[PDB]
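Undergrad: Provide a 3D model corresponding to the input given below.
(chains A, B, C, D, E, F, G, H, I, J and K, ligands or ions: 8)
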Amino acid sequence: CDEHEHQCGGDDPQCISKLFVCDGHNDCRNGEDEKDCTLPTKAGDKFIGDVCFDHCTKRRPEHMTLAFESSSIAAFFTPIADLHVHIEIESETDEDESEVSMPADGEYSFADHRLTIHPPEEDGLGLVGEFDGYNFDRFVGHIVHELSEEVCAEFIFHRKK
Amino acid sequence: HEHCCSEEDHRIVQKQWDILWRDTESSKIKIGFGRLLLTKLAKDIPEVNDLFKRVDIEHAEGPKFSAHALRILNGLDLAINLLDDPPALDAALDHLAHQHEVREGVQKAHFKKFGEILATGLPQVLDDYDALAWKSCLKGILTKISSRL
Amino acid sequence: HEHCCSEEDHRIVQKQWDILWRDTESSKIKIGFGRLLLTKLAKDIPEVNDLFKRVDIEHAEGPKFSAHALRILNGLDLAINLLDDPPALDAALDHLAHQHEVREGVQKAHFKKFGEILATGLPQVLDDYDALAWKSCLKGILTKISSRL
Amino acid sequence: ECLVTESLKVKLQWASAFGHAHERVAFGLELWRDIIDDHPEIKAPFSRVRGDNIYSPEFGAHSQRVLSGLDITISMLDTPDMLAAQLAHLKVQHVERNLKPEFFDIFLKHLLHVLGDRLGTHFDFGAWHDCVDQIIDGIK
Amino acid sequence: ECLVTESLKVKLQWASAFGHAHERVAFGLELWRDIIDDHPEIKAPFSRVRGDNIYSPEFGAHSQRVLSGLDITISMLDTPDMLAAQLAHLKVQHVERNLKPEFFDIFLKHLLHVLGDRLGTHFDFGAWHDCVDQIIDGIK
Amino acid sequence: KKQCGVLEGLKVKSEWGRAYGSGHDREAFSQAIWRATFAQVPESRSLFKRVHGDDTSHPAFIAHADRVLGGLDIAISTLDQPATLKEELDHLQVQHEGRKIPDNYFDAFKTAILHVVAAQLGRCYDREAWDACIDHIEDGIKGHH
Amino acid sequence: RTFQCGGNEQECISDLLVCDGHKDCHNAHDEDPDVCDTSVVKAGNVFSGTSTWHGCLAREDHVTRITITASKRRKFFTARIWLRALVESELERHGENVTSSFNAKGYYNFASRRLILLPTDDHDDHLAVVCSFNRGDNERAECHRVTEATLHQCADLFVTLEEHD
Amino acid sequence: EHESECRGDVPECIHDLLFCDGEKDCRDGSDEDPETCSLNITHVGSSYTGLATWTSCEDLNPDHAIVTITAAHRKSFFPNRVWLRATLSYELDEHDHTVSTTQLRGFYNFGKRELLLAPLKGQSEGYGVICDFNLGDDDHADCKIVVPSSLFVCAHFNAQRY
Amino acid sequence: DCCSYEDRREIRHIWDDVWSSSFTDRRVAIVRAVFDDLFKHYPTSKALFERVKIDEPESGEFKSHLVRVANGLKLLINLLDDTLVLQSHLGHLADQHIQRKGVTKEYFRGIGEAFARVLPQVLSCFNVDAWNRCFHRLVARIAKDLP
Amino acid sequence: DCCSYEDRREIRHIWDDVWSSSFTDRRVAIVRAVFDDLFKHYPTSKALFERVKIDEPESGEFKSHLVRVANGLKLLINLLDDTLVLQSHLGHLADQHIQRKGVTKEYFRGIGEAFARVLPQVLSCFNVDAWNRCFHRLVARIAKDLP
Amino acid sequence: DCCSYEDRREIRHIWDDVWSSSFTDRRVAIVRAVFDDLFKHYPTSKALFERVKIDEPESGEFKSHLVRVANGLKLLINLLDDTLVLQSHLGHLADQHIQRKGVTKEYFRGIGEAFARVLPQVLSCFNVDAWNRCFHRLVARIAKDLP
Ligand code: HEM
Ligand code: HEM
Ligand code: HEM
Ligand code: HEM
Ligand code: HEM
Ligand code: HEM
Ligand code: HEM
Ligand code: HEM
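TA: Numbers count the residues shown, from 1 in each chain, chains lettered A, B, ... in the order given. Ligands and ions are numbered 1, 2, ... in the order given. Coordinates below:
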């Protein structure tokens, strides 16, 4: 595809702009952009990642947790469906058995399957989820300095069952 | 027909034409760059000076006229960024011609100059460009305007 | 397991040797570049001058001799481009020796000069090259020719 | 001492370093910019081509017509007979203008300069320097 | 003012910019080409090495023997005792030829020039310029 | 007149350069021609008993084929000078003259080169242009035209 | 543009020996059915599919369909398949549905598995088509229409094998 | 370089001397599992093959080449590496079918999964071989004969096992 | 009619096939056949070019004419990727043709065909439509006033 | 016998292991052991090199000899990727050895062994065959015109 | 407290959003609002800057003040990837503030907040913690030798 465009083609590539996936009506002449409007992440769903490598050091945790307060859909225009998420981190050191759970609010985009978390603290660390698109039990999402767009630390999340 | 203003050319145009607006806060650019194009027209054909009375052309830096200078370049801009997907552009320009139609005292020979100003005016304000390309596209915009006159 | 003229060298040769023929219409190149190699031979050993009577060497620019100059470089060329896959090359050169055999009055010591001309002649006509490499390969071509004399 | 083998090499190296297209103009303008920094008076005769500012167009046009000439010269440099003919016609163009015979001898010094950086250590100076003389003398 | 530390730095930077192999010859010939464009008379003494045309071989050979010398010098520049020994033997080679004492002082000016482009803004001029003097004076 | 057409003479001169290449593909480009020829005329192998022409992949034969192209390269190289061609070409006459070559065979070896060139070459060439030029060379070696 | 064997062992072989009826690779991967597979262009097959246009001849996105007409294989030089075909354009310009057509010759490699069609005797533009069957399967194919000289791309189109019988 | 990612769900990057050690140095302890310690590849007598192309030396034209493992030892106190000996053999093409036979020694590294060998000493035509088993199974490879000094790539052969 | 863009890349390759060499053997023989094809349809023009000894087909001079025509013609092409340097060099090349007698505005439009009848025999792949369209806008501008 | 090519790359690595430093501590100790191994088999040569105060094994001078031998020897190697500049610098280095007395053609063929004798003990991976082949064609071109 | 490193890359992007233009319309309006926010909390300082005709908010002069503050401030930032050139240019910029009267050590620690209270309203993504940390070590090195 080209830049902000999205590739719908199953067997006969058709290149369409990003703003028309789950638009509400047929744009891709296949008809393959409307099949996907079911949202995958339901309230109460709880993801737990393990660290891959970490240079953005607040508490440099062993592994951190992520939960969904509530998903919500703006009725009229729904490529994007906003979220409330806790982020729990249970640390340990010399001294203290500190805790944390900062609330934030992201949005999941049916377009490129990414979810975002807007910085929970003022430190300006966005968490950029990315699914593969066919799985939804795990994502390779990793943290980013919201200003600079630089990969700092990765985690591999899993759904719990 | 079918040949003039080929696909590959306007890709060059849009790229070069976009080098100006890479800067932010470009309101002042195209006010100024627009303010010159109308005055420099009046000093060739003096007749047209009468036409701009409603916008008060007598004040060059005047606010009431300045806001008109934006609307001409901005109206030209959407034309260039819409060059691809032709069937829309025809409708886009058709609505400009009709907009110049109800206005009286607009003579077809004026644009012929306005092209020659701009065709030799442009090469001062850009880094690089292929004159042959711009020549093709601006014949497209201008000639189709005035088709109602 | 024999050492002289190792694989990696002739790859260098073929690359450098090919820089000449990158140009098209190279008939005139190797006519001229061939015309010099035979004359410059006669002014060292005068004896050999008699051998070329059949081709009329007396005319340098003469057509009848020019067509002979091609055949020598062209015959040398196929030798170089065939350096890889050795067992063919042996048969290739073997057929040249026998071609020089039936001709009478060709003395083995001649080639020893013809190498020294070419070994010091070549460095003028190329951009870059490793003299050590060429030295190895041309000992291969020349020494194997004349093995019938 | 030139015209044979030692001439042939100048052709091959003329092909490479001279480049092509937008790379050609950039070559020419990089030449003159050498000599005008060295010998400031040389820009007097160019008032016809607006040699006030070399980077301006219309001189860009000129300097390419220049190099194009060397092509005609160097290209036919093998066949001696037809060589003089172009050299004959060429001088005629330079008769009607104010020159010094020393500017020519200066030119070849700064031309073989610029080819240095692109060819580094690889070429025969002897081949060029002497065989550009056979071009330059025909202009006197 | 040349000392244990401010000398040490010259060694490390000599390693990098000096390069290796085909890159070394290209370095040397890029040096002399600087000074001969600046001071045209300097090519008088080189008639032995055919310094008519520097790009020709056999001068290429020479200029590398030159730089190789600085290696011997700069390499031993830590141990003061053995330093003078090479400086002693070196001057002997330059006694029998026509020189001016000003060409030396010129040399170090144009050598530290060329290292500029390859090292950009990173090095101690003070370290070089003073510590090349300790090499140059031993030749007088 | 659909003859060597001195302009068209240099047409093939250019194309040939692009087909007959550098590197070891040339040795492969040779194999094609012969493997093609023998399949048209099974009994033509008898003429090569001296060169080990029984099997075509044997090293002694590979050498033989390069000289053939090598020789033919000289021909197509110079169609500019009508003098030197007739000189160089005339040499080939006395090469073949000492044995019996029917005019049927090197009509087929003509057909062979065409197909192989087309494949080897970049999708574009004019047959009727090639058809003339190599046929001029064929009239050459045959000795009478 | 040389044929790559693959398997236990691999190495180059020049494109002109690929399917010649002679062993050329050591393990014979080149004379096999799965690579030779004489007919992916047997006459009567029809291919279809749409084409975007990002190059010259700028117009709306529409449907095309190439159909193979002819086929030939000279049993002396067996290495390529010379063939004819017909190219169809169902574009709607305006005021009707107007259908362009032309005839095209060209050939089809076994080495590279890609056919190439040039228009014949056509004074009119008609830009040439080039395919490739890189899928390893014989239904689908990637094509793009190209100018005959420079060979730079234009109009990337995909095609499918229309159903036989 | 100089490290090897782990085998499991979550990729970490751990230094090469810590595999098959007898101490877990990962997150999950991938280093203890028989999906890694399995010796199936260097059991004595195994042999790899596949015809080689020569680029750098000998220019022999593609002909078969095998590697074989004559004897393997694993020292009880330093289980990180499997020391072993081999014999490379490849077909010179003269007239009759003939083969020159180098003789080798080297180690097998569980990290890289790549055994690497070297010529012994006073052996004609001293070559060495580098086999990477980075494909899925313990069979097939992408080897290369190299000159022992530079690790410059003499001859590249993609080898299987019978 | 609109040189466009793609047509220029079409040219740049076409011209690279005919021009490729450091020798002049080929570049001569091609351009000589252009005029040799021209004079057959306008024998009146042959009365001009007397200054160059036209009467001798093979002269030691006449070549030195056609050679400068090529190197001038080739000089045009290598500017098409960079315009605005064309006009300047175009206007110049125009004025060198008004300083003499006998320029038929009619003859320029003639040689436009002359290539179109003598190109397709040197090359193989060739675009008649392209070469013919972008060539007029060259010639139509070197015959701007008259002659 | 044919320096070839691959042998030269073989050298350029071997030589890079011994020569790697900006200090002279290592380059000295290696080359000194070359001659120290030489004189053991040709004590007659030791009668030469009296100019440099040979009799002192650790002199403030003698080092300043061996150091220039290395930097001269290392100067050879760094030319092998570029020939034709070797011959010139080879012929030069030859003539500097004919201007004195007591340099026998027999001595060079001796030191050829001297490296092979004890140069390995410094390195680990080493090719005797390579270093021995390309070294003669250096030395057998020094003793050509010398007795 | 330790400018560190990543904080500097954090700055270099933040500063690139505010400074991006060749026009001065934006760079002015931002920095003017800094002092306009400063004077609200320290009206005493406004008694200084009388030399520049402070009393006119839109003077033909006053802009020519703030403009040099920016280009001076921007001059600092573009050195952060290269230190040791900072100190020199830091010490210089310090001394230009001691040659006058009415510059209190208390004023600098004030404007440190002035950006923080009103620097973001211009940007969107912004790191308060970073910009606040690396800015003191700039300013706390200006007020060292000053009362
Ligand atoms: C070349 C591209 C041009 C464009 C895109 C353009 C566009 C416009 C538009 C859109 C308006 C109407 C504004 C509105 O609807 O509120 C306008 C007004 C006008 N234009 Fe143009 N224009 C162009 C060139 C010219 C030229 C060459 C002339 C005269 C020689 C001209 C004379 C006028 C006049 C007299 C008005 C009257 C506006 C008023 O009184 O408020 N325009 N133009
Ligand atoms: C170095 C590579 C050489 C090659 C590849 C070569 C090749 C050839 C070939 C193939 C021919 C026969 C032409 C034919 O049958 O059509 C020929 C002819 C001849 N060669 Fe050479 N040659 C070489 C060197 C020499 C040298 C060094 C001499 C003499 C000093 C020599 C003397 C001759 C002579 C006298 C003929 C006679 C041709 C005639 O009578 O028409 N060649 N050469
Ligand atoms: C070295 C070989 C030289 C060649 C081949 C050469 C060739 C030419 C050519 C072809 C022209 C233009 C003719 C035309 O436009 O029709 C010309 C013009 C000119 N040349 Fe040269 N030139 C050379 C050297 C020089 C030098 C060293 C100078 C020094 C200043 C010079 C100064 C000029 C000037 C001023 C013109 C412009 C004439 C005018 O505007 O009327 N040329 N030259
Ligand atoms: C800057 C440090 C310098 C060093 C280390 C140096 C070193 C040397 C060396 C080693 C030789 C050759 C000895 C031999 O081949 O046996 C030599 C020769 C020479 N040096 Fe220098 N030199 C230096 C500066 C200069 C300068 C500035 C000049 C200025 C022209 C100069 C002119 C020459 C000449 C002409 C020769 C040639 C002797 C001959 O060929 O007979 N040198 N130098
Ligand atoms: C364009 C067509 C041909 C050309 C240019 C050509 C050229 C040549 C050349 C250059 C040789 C080299 C002789 C030598 O090196 O001593 C040769 C040998 C030979 N040619 Fe051809 N040839 C052609 C067609 C044919 C055909 C069609 C045949 C047979 C069907 C043939 C049979 C032979 C034979 C048998 C020899 C070798 C004679 C021997 O070994 O004693 N040629 N040819
Ligand atoms: C089609 C493209 C053409 C180009 C680019 C071209 C260009 C040139 C150039 C550069 C010269 C040399 C001028 C000089 O040395 O200053 C020349 C000479 C000449 N051209 Fe052309 N030419 C073209 C076509 C024609 C045609 C069609 C005619 C006549 C029918 C013509 C008549 C001449 C004449 C007579 C001269 C000789 C000038 C003299 O007598 O001194 N040219 N041309
Ligand atoms: C094997 C490689 C050798 C090389 C590359 C070499 C090179 C050199 C060089 C560059 C010098 C200094 C010349 C100068 O300062 O102008 C030198 C000095 C000398 N070399 Fe060698 N050399 C070698 C072997 C030998 C051998 C084997 C001998 C004797 C058996 C020898 C005897 C000498 C002597 C006596 C000097 C001192 C010259 C003087 O008294 O000033 N060299 N050598
Ligand atoms: C926070 C960073 C600041 C920087 C980087 C800075 C830098 C500068 C610079 C470069 C000048 C112009 C000096 C010249 O032209 O040579 C200037 C002028 C001035 N600055 Fe600042 N300044 C800062 C803050 C302040 C503050 C907080 C005050 C007072 C509260 C102050 C008071 C002045 C005054 C009075 C002048 C005018 C000098 C004159 O009277 O001519 N500055 N500043």
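
Undergrad: rest of the way, CA atoms for contacts and neighbours
TA: Fine.

Undergrad: And the residue of chain I closest to chain C?
TA: Here chain I gets closest to chain C at one residue, residue I:21, 5.5 Å apart by Cα to the nearest Cα.

Undergrad: give me the number of residues near the residue nearest to residue H:101 when sequence neighbours are not counted?
TA: Once flanking residues are discounted, residue H:101 sits nearest to residue H:89: 4.6 Å by Cα to Cα, 6 or more residues apart in numbering or on different chains. For residue H:89, the count of nearby residues is 17 (other Cα atoms under 10 Å in any protein chain shown).

Undergrad: Tell me who's in contact with residue H:89.
TA: Each residue near residue H:89 by Cα atoms under 8 Å, 6 or more residues apart in numbering or on different chains is listed here: H:65, H:66, H:67, H:99, H:100, H:101, H:102.

Undergrad: One more pass at 10 Å, please.
TA: H:49, H:64, H:65, H:66, H:67, H:68, H:99, H:100, H:101, H:102, H:103 (Cα atoms under 10 Å, 6 or more residues apart in numbering or on different chains).

Undergrad: tell me the two of these that are most distant?
TA: By the measure Cα to Cα, these have their two most distant members at H:64 and H:103, which lie 16.9 Å apart.

Undergrad: And the two? Which one has more around it.
TA: The residue with more neighbours, out of residue H:64 and residue H:103, is residue H:103; 22 against 19, by other Cα under 10 Å.

Undergrad: Hmm, the more buried one is touching residue H:124, no?
TA: Yes. Applying Cα atoms under 10 Å as the test, residue H:103 and residue H:124 come out as touching, 9.3 Å apart.

Undergrad: give me the number of residues near residue 3?
TA: Just so you know, I chose chain A. So residue A:3, with other Cα under 10 Å, has 7 neighbours.

Undergrad: could you do chain I instead?
TA: A count of nearby residues for residue I:3, using other Cα under 10 Å, gives 23.

Undergrad: Report the central residue of the chain.
TA: Looking at chain A here, since you left the chain open. residue A:115 (2.3 Å; Cα atoms, centre = their mean).

Undergrad: Tell me the secondary structure at residue B:35.
TA: helix (DSSP: H, G, I helix; E, B strand; the rest coil).

Undergrad: Pretty sure residue A:64 sits against residue A:155.
TA: Yes. If you go by Cα under 10 Å, residue A:64 and residue A:155 touch, sitting 8.7 Å apart.

Undergrad: Tell me the residues that contact both of those two, please.
TA: Contact criterion Cα under 10 Å, 6+ apart; residues bridging residue A:64 and residue A:155 by contacting each: A:48, A:49, A:50, A:51.

Undergrad: list the contacts for the second one?
TA: So that's residue A:49. Residue A:49 makes contact with A:62-66, A:138-141, A:154-159, H:10 under the criterion Cα under 10 Å, 6+ apart.

Undergrad: Over to the first one?
TA: With contact set as Cα under 10 Å, 6+ apart, residue A:48 has these partners: A:63-67, A:87-88, A:138, A:155-160.

Undergrad: Please repeat the previous calculation with a cut-off of 6 Å.
TA: A:65, A:157, A:158 (Cα atoms under 6 Å, 6 or more residues apart in numbering or on different chains).

Undergrad: Among those, which one sits closest to chain D?
TA: Of these, the one sitting nearest to chain D (Cα to the nearest Cα) turns out to be residue A:157, at 53.2 Å.

Undergrad: What is the strand or helix carrying the closest one packed up against?
TA: Following DSSP states H and E, one finds residue A:157 within strand A:151-159. Applying 3 or more Cα pairs under 6 Å, 6 or more residues apart in numbering or on different chains; DSSP states H and E, one finds that strand A:151-159 contacts strand A:46-53, strand A:138-139, strand A:142-145.

Undergrad: Nearest to residue C:7, out of the ones you listed?
TA: Nearest to residue C:7, of those and by Cα to Cα, is strand A:46-53 at 47.7 Å.

Undergrad: how would you label residue F:10: helix, strand or coil?
TA: Going by three-state DSSP: residue F:10 is helix.

Undergrad: What distance do you get for the residue nearest to it when sequence neighbours are not counted to chain H?
TA: Leaving out its chain neighbours, the residue that sits closest to residue F:10 by Cα to Cα, 6+ apart is residue I:122, at 6.7 Å. Between residue I:122 and chain H the computed distance is 40 Å (Cα to the nearest Cα, to the nearest Å).

Undergrad: Many thanks, I have nothing further to ask.
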